[PDB]
Structures are given as structure tokens and as C-alpha cells.
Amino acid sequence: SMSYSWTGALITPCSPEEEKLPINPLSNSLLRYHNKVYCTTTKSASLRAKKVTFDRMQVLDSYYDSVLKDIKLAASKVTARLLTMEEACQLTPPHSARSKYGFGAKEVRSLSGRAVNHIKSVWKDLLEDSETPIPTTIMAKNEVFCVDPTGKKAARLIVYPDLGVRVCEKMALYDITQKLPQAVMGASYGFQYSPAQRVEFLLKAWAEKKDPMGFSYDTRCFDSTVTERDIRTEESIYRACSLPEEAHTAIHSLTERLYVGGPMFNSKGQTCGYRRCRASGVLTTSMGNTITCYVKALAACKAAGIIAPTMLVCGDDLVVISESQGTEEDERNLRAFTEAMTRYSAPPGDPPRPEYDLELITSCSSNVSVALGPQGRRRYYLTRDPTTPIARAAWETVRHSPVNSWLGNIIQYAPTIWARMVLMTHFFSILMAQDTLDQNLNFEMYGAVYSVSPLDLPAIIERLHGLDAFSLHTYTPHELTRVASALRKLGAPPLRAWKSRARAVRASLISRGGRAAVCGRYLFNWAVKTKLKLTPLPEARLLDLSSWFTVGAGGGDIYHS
């Protein structure tokens, strides 16, 4: 079947769209080549639609059947429950897209009678009708990038049901997202990990092999490769858990009416097309992708003769570390792996390549690198090319962003030279000038939404990354070259200039005393001649972030404070 069919009606914008970074002194202080930074818009929506529309031919085999059997048995060990109305409403992001039925996320979170009554009606309808397709809206995502000299990306398409239904999805399936992926694939489930824990996983996988070989598998348009049969198989796995009857009913109904497919409408209410693949904007997008990617990949390893594979799966993102069988053998085996995945309906975008140096292996755009700590010992940490984070940071400096990305990048990538020298310096300067340092901000991390104050950063970073995160130095040539290159490409000041600026930002923060001074002392210890001795923060001991990433369920309409 075709992933999508289209009526010919346009994919229309909801709000005003801008294609290019504004010319503005605030953003200009971060990067000067504003023409290189663009935002995807509906203008490219039809082009994306064409790319993601194709025929899926799926042929499963005995390798696939055997993995699925194991997975269903593992799922039977899980016990899960419905979430209450209250619980589901409190997981709704404050800026979640409003309902067509006359209420918004504000009303959901405050449990207003109108909203709660509506959701109760949607739930009742799910239990009573297991067949009528649920309408979805399709929109072009507005996301910011830098041009790639290798021109502009087409907008990603988001397909999602009404706010009333999204709350119901949580009641039916949220508890499952918290328990099922771990039960089925254990340590291979990537969304349960902080950046430091992802680093540890990868280092351990690498070190376990006598002769390690790694690859990342880039599926071409993963959501589009997900078949109706894949989605009903996902249902079978969710329902292998021990659940109340009401949960079985709601999950079957959501599967048949929403997850397996349905009609898409544009923002104008015109019928736009029909989907027969993964919806990009449902609660189960990440969990579903993770499980389905895992079954297909583990099965493909077996068919391909990939030896002792250790996999890290984050939605559609897949890394496999295994025992090298020799250079030529690895290349042949990776081709066999790709052929198997293709039969399973997961053909590659860029073909995988055997990699023999862990620093160069990317998982979710990120890689492990190494630096030195305060006492000169080697310390590993997670990093990534800073181009997109910095381009988005510039945009978000000058355009209202109710859910920003920069605060998530600072938190996730706190130990990195670029988040510290560039992002922290820039934003503490902006926030002090606006006098909004103490205000809580919503931000994305792993596709889920969180809320913290910039003044919370030292405690958060210590808790997630350790005190060393304020003291790393002597980064690798790969990392230094990459960062310097990205800054030059963007027309951003070089790292040395950020250090000049940071001395002033640090001084300003310290002059304020209190929590702001703690930020100056801890976050900018790298920018002072005589380093202060940094000691554990009392604040950090009051934080339990152990399931902070798990609760995000790998992304979606999910919010945590």
C-alpha cells in the first residue's frame, strides 16, 4: 500500500510563517550570516509530501518471527494501568495545540469542566466505537537550520489528532511507555538515558567487542516505512502486557481508528489526503518506532550474520556495535543487513558504513568524545555538531518561542565547549539585559517538553553531568575543528571572542549575588584567570532526575516541570 494518498488540496499554514532569520542586533551578536539561517515553511510542504509518499512492500521471515516471539514473551512480564484524567491533563504541555472544541491546554491543565467533560466524551466514544477513523490535521513543521554547503531542507510534516484525543492517548498508553520499551529491549532502549548514561552505554558496547565495528542505520522516511501490519503488531505487543479490560478496549480502538491510518485535513479544514503509515504526532510515535525499529534491526542482524550486535535504539534512530569479521566481511554483512531491513520495509536513506572509531559514530546526531577533568584525568561526554543548535538559538533570540530549544541544548550538552562558551555566554547576557533571568521557560529535550529557570542550571548540570561538567578542558582536535568550523560557517565570533565576552557576563552575574552569582561562579569558571574551587551544590541534592528522560517517553505531547 501507499504510505499516503493526496487529494490535491494544499498543506496550509496556521500562523504567519517566516523563511529567513531577521536582521537584528541581538541575533547578529551570535551570528552574522543571517542569510544562511532559514526556517522550513509550507512552501516546501508539497515537496516533502512527494518524498514521503511511496509503496511499501514488506516480506517478513523466520528471523523476524523469532524476534517478535521473544518480544511478546518479554512484554507479558509488564503490568500497566490507565492514567487518571488528572494525571493525563497534567502531562499536557502548556502550549499544546488547542482543541477545535473551544478549549486549550490552559483549560486542560486547570481541569476546567468544559475541557474535562469533552475529554470524558472522547474517551466514551473510543470505548463504544472501535472503527470510525479519527480525523487528523496535517501541518508543515517550522524548523530552523543552516544551509549545508554540501541547499535547503523541505519541511517535515506533522500529522496529529485533536487535543481531546491526545489526552485520551495518555490515559490509555502513557503508563505503557514508561515500562514496555525497557521490558522488551532492556538497555537498548535509548530514551531512558541521560547524556552521561548514553556515553557509558556506548563506551561499554565498544569495549565489550574484541574487535569493535559500529554503524548507524539511516532509514529513508521511517514513519512512511511503517506498515499497517507493523502498527497492528505494535498493538499486539502493547496488549501482551497485563492490562485492565478497559485499557485493551481503548488501545484497540486507538489502533484501528488512529494509529493504523486515517484522513488528514489541512488547517483550513479541507480534506488533504489519507495516511496508511505512522502518524508523526501521536503519543505512540516514539515508542512505536523504537519497538518496530528494534524488532526489524535485531532480526536483520541475525539474517545478515552481524555478530554479537549491541544496539542502541531511539525511535527510528539506530546504532549497532558488533564484532568485526574483517574489513571486507563487514562491508558484505552490512549490505546483507540493509537488504534484510529493506525486505522488512525499512530501506536506507544513506547506506550504512562500517565505522572503526567511536568518536565518529553518531546516535541521534550525537557522539561520544573525550576531554580532561580538573585534575587531568580523561572524561568522556556527549556532544554534537553545534551548527543547528546555534542557528536555532539565534532565531529564538529574536522570535517569540514558547517552547525553545536552546535551554535543552545547554542542559543536554552542558559539558561541551560550544554549549559553555557560546550558548551560556550568549543567553545569560540576553536574559540579564531583559531582566528575566529568574523566569521559568518551556523547552524541548528528546522531543518532550520541560520547564526550568536559567537560575536552576548549575544544580541541574551538576546532578545530570557531575561537577566535572564545569571544569572540562583540552578537548579533541575533531571536536575543536568541528566547533571552529561551525562558527566560521555561521559568521559567529570565534571561541576566543566568546571567552572575552564571558568575563563580563560572569562579572555581571556575580555582582547580583544569590542564585545569579552561583551561575557566574560555576557556569563561567572557565572564563576567569584564577579558577575558583567548585564544591557540590546543596540545591543539586534536592533534585531527583533519575527518570527525567524516561518520563518524556521519547518525545511527544508530554510535559514535566
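The numbering used is simple: start at 1 and walk along the sequence shown.
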Assert higher mean C-alpha B factor (528-536 or 507-515, deposited values) equals 528-536
Per the PDB entry, mean CA B-factor is higher for 138-146 or 181-189, namely for 181-189
Entry record, C-alpha B-factors for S324, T397, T476, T310; the maximum is at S324
Based on the PDB entry, the highest CA temperature factor among the options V452, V320, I237, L437 is that of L437
The third of the chain into which the C-alpha temperature factor of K50 falls is the highest
Chain-relative C-alpha B factor for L111 (record values, thirds): the highest
On the chain's distribution of Cα B-factors, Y174 falls within the third called middle
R384: CA B-factor among chain residues, third -> lowest
Split the chain's modelled residues into thirds by Cα B-factor; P263 lands in the middle
